[PDB]
Protein chains: 4
Amino acid sequence: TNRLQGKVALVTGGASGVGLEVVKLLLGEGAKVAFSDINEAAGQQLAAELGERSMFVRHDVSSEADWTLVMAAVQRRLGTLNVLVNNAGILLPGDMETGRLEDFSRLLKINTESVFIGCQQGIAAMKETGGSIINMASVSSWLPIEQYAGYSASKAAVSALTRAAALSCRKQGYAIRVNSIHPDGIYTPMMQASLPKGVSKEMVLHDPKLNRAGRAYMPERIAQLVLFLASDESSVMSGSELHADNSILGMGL
Amino acid sequence: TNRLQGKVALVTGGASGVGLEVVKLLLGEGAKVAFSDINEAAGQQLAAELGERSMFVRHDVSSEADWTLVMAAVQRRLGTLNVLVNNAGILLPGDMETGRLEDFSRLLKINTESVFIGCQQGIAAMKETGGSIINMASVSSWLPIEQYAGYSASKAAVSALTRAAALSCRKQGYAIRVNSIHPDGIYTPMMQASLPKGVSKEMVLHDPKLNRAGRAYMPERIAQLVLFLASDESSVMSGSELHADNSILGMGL
Amino acid sequence: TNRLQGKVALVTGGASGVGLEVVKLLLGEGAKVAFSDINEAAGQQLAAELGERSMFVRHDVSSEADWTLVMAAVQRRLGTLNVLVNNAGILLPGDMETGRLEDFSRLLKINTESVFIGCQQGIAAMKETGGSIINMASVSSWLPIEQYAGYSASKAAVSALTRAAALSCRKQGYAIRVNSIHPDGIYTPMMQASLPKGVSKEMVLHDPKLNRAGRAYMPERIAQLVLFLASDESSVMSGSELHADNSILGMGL
Amino acid sequence: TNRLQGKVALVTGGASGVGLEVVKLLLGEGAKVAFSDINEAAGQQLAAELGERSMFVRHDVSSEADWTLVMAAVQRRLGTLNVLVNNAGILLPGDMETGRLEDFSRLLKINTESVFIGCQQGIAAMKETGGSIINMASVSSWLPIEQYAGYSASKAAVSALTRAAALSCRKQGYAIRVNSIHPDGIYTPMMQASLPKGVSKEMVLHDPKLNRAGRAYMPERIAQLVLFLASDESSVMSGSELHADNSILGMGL
């Protein structure tokens, strides 16, 4: 469709997972979509396959210099940005009793500082004409999970940055919305490959008939929420969390 | 244009404001749409204009017996329900110091008991095959507004009912999502006629150039959120609040 | 002690459970305490036991006329009220699929309308001289529990009334603080008598060693939070929820 | 008067502000109290004046080595820890459009990594016999403030760490509560010196009668909430936010 034909997006962490599903949905609605990631050869092979409305750029999301260059190159090739999906992140475990400080520092650098830079530069790119900035978070930003303490904190920080960015945009008169999305588990090829032998997909995905307690969801399901926020039809929403956890709250009790 | 062709919806409060725009949007996407309204003459008038895939029904939204009849009639004419939009509600003023108990009791009857009955009977209609229940709430369910204390409370209760319904559906294996939408003000012909004489729409609508502090929004902008939640693409979301307040939190300070 | 010597309190539903523990703690710090409830002979016998600084009054908390009389009486006997504890309430079960509307209606009347009236009356009593208003709520106002859907909604409504009252007080320049307390289960003799053969206090109370998953707490523990809010030391708090659930969120997953 | 006689506390940021007021309240109830602060000239002088139950220690709160040494030194001198107040923090301004990445990194290091280390080491100190960990946050963890974007994120992260720590303690059967406190502004010589000519205590401090719009509070009023959480009477509360903003939500609108 040509629904989003005038949209120009950047999706960070866009060569796999939810990121890649987002890239595919946006392209499928006629947007132009840059995606950034760290494995350049693979990213370029992917951009070749996705076609000329897509672009790959190498990107260290924790570097301000990389972000400046990426923003400039994307917009030179594809036009003025009006969708930014801050999806790059990493998941590392560690509980409060024994988790490693060095892992927490890494989570903050990659998950939280990336969103700061991306929103800072996204506001500059979009302030004249407007747009939508979408920050990937997690259910764990509000729902504590023992073994992901630092990750939870990194994503709670992301949701605070989201509200700060959204409020600045409103107070300054920029037609920019900033919102966060909070999924539960995401059934990616990496998750599947990390499962113990003998554990199958049906054992981990939520299903109302087969696995009501399941915690994992297909990435395309999450990507649909990104597509909604990227579209003009969501524009009244700013400074909010969109929860993508299928009523986990109250389960298990 | 026939994106929602297999959807069968009931929209309460469907003849004005957000409800009216929901009926239009759903019909525009090819759904079949029944609606009711507290203003019954206004509803019958609208049905005569909207065509064969629409139907108006008389409905006391606080009556269990009338809901039973409505759910049966709608499904007899249009098929198995899979979208329910609990939008009927009333706004009455009253602060905690001087507000009237009788207004609060009426707010609870009409705003809160209606959602209880509609969700209960919506689960009965949808548990075999699935669907989406959308409860209209308000920013005021979480953001206190001095003159609308009882209304706020009625809508906070609606949000609690939303979570309980969503949880029961998950625990029972029903493919039913239940979510609430929390708008700020809704600009309508009633709002305009209500303004002091000489006040124009630009004085009450949020606008980033003209009125950054504005609290009112076009009803179609809310209806788009309802459309998303009615669509299959939003299915990972259940038990959640979608906020439609355009970053009001932090304004004014 | 004499620590709360000059406090004059009214505690509704004060003849048993958390309410009775509140009464005892307040009296123990030297306050004057009126307590209201529905069984006159029992309540009077309790007042005899508690002594001269206590007063029992029979009270239909859903009636304004009855409240007007109670407030006058209490104040005629004990002096200017500066602490109001809206503790009266009822717990009735019912899930969204099969719960009875008539039960939900009763929950709203008794749990939610009572707080509305109490808050109105309390503002009237305290607007010139100042004080604290403390509204009992529940963990279930925010944590859905499938068999207490209506109760949850009633208590979510109480929390919204709390915020509205607090905001009015601030805006109007009244030195009145209004807050809510949200306990998990309350272990009382009636709870015990309602448990199946074999389920003992030790099996339902939380204990870090014996019962980590337990959901019930002694009433005095909750009553401590009421005492804090009744004291001048808590004065910075208003419009807030005090959660008394001992880190339930995240358990069971 | 010796109500907290068996308590042994460590208070970071204890030479000024809320921390100092916390040290003094805990000492006044009979506890033993170690404190640290970046102003060692003022800190050591204070410990001298405060007596044998107080101790000052040098402490880089971002250093896992320093924490290990402080924890050991404090417990050698004063006995097993059972109260930890993570109060050390820095306020650096910066909005999302132009705030410095470097300042955000420093905010996370000092405000968020300190709480990580402090809670991890606090759990090790208290797991055998129990205690209370109190993390200082801010209203800004949930209420966006344009000029303090990074600070807000640092404190939202602190609240997430609070929940993770509290949940671990509950799941592992440790009698440790972990909670956060969220004040609005805190009036100190720092802010008052920061203030322009003629802008006095009375101009910025909230006063329920004379300055309803005021956002600044005396540190002792926040310290009272820490004292309550340090005390055994608060023990039902864990994993929670204690909001100390005096009904700011809804003001200004």
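Worth knowing before you read on, the calculation uses all heavy atoms, side chains too, and leaves out hydrogens, waters and symmetry mates. Every chain is numbered from 1, with letters handed out A, B, ... down the list of sequences.
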Whether A/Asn82 side chain and A/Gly130 backbone form a donor-acceptor pair below 3.5 Å: no

Shortest non-hydrogen contact from A/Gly14 toward A/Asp37: N-OD2, 3.4 Å

Donor-acceptor contact present, side-chain D/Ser62 to main-chain D/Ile110, <3.5 Å: no

Close side-chain approach of A/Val33 and A/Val11, heavy atoms under 4.5 Å: yes

Nearest atoms (heavy-atom pairs only) where D/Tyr151 meets D/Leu92: CB-O, 4.4 Å

Inter- and intrachain pairs under salt bridge (charged side-chain N to carboxylate O under 4.0 Å, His left out), touching residues 9-36 of chain A, at least two apart: A/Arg3-A/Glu29, A/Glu21-A/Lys24

Beyond-backbone contact of A/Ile90 with A/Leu107, side-chain heavy atoms, under 4.5 angstrom: yes

Close side-chain approach of A/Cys169 and A/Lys171, heavy atoms under 4.5 Å: no

B/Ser180 side chain to B/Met136 backbone, donor-acceptor under 3.5 Å: no

Chi angles and distances behind the side-chain contact (heavy atoms from CB on, under 4.5 Å) call for B/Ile181, B/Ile222: CA-CA 8 Å; B/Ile181 298 168; B/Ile222 308 326; 4.2 Å; yes

Crowding at CD1, A/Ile38 (>12 non-hydrogen neighbours, <6.0 Å): no

Side-chain H-bond candidate by donor/acceptor type, A/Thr162 with A/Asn135, under 3.5 Å: yes

Working for side-chain contact (heavy atoms from CB on, under 4.5 Å), residues A/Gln44 and A/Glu49: CA-CA 9 Å; A/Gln44 281 294 9; A/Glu49 291 167 350; over 6 Å; no

CG-CG distance between A/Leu46 and A/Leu20, expressed to the nearest 0.5 angstrom: 5.5 Å

Within-4.5 Å side-chain heavy-atom neighbours: B/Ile248 and B/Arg215: yes

Flag if over 12 foreign heavy atoms under 6.0 Å of CZ, A/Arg53: yes

Inter-residue atom distance A/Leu78.CG - A/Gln75.CD, 0.5 Å rounding: 9.0 Å

Atom pair CD/CG of A/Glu233 and B/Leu225 - distance to nearest 0.5 Å: 10.5 Å

Short side-chain to backbone donor-acceptor contact, A/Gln121 and A/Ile117, under 3.5 Å: no

Residue pair B/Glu220 / B/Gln224, side-chain heavy-atom distance below 4.5 Å: yes

Side-chain donor-acceptor pair present, D/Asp95, A/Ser168, cut-off under 3.5 Å: no

Closest non-hydrogen atom pair, A/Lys155 against A/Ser138: CG-CB, 4.0 Å

4.5 Å side-chain heavy-atom contact, B/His243 and B/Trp142: yes

Modelled atom types, side-chain donor and acceptor of A/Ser36 and A/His59, under 3.5 Å: yes

Any side-chain donor near an acceptor of the partner, A/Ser114 and A/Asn111, under 3.5 Å: no

Backbone N/O of D/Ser141 and side chain of A/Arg163: donor-acceptor pair under 3.5 Å: yes

Any donor-acceptor N/O pair, A/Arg170 side chain to B/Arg212 backbone, under 3.5 Å: yes

Any side-chain donor near an acceptor of the partner, A/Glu113 and D/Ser105, under 3.5 Å: yes

Side-chain H-bond candidate by donor/acceptor type, B/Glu241 with B/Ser159, under 3.5 Å: yes

Closest contact, heavy atoms only, B/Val22 versus B/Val85: CG1-CG2, 4.3 Å

Nearest-0.5 Å distance that lies between atom CG in A/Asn179 and atom CD1 in A/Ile133: 10.0 Å

Any donor-acceptor N or O pair under 3.5 Å, side chains A/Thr12, A/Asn86: no

Donor-acceptor contact below 3.5 Å, side chain A/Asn39 vs main chain A/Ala42: yes

CA sep, side-chain torsions, deciding dist, call: A/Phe104, D/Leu161, side-chain contact (heavy atoms from CB on, under 4.5 Å): CA-CA 11 Å; A/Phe104 189 35; D/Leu161 295 175; 4.1 Å; yes

A/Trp67 side chain reached by A/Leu10 side chain, heavy atoms, under 4.5 Å: yes

Gap separating the CE atom of A/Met96 from the CD atom of A/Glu146, nearest 0.5 angstrom: 11.0 Å

Backbone of A/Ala230 reached by a side-chain donor or acceptor of A/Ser234 within 3.5 Å: no

Nearest heavy atoms of B/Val18 and B/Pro219, plus distance in Å: N-CB, 3.7 Å

Side-chain heavy atoms of A/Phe228 within contact of A/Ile134, under 4.5 Å: no

From CZ (A/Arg106) to OG (A/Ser154), nearest 0.5 Å: 12.0 Å

Test item: side-chain donor near acceptor, A/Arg177 and A/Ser235, under 3.5 Å: no

Audit row: A/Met55, A/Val57, side-chain contact (heavy atoms from CB on, under 4.5 Å) steps and yes/no: CA-CA 7 Å; A/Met55 162 185 204; A/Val57 285; 3.8 Å; yes

Carboxylate-amine/guanidinium proximity below 4.0 Å for A/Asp232 and A/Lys7: yes

Steps toward side-chain hydrogen bond (donor to acceptor under 3.5 Å, both in side chains) verdict (B/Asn246, A/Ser238): CA-CA 4 Å; B/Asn246 183 37; A/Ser238 192; 4.8 Å; no

Heavy-atom closest contact (D/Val115 atom, D/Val158 atom, distance): CG2-CG2, 3.8 Å

Side-chain (A/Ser63) to main-chain (A/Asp60) donor-acceptor, under 3.5 angstrom: no

Proximity of B/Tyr217 and B/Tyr187 rings by center, below 6.0 Å: no

Backbone of D/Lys109 reached by a side-chain donor or acceptor of D/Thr112 within 3.5 Å: no

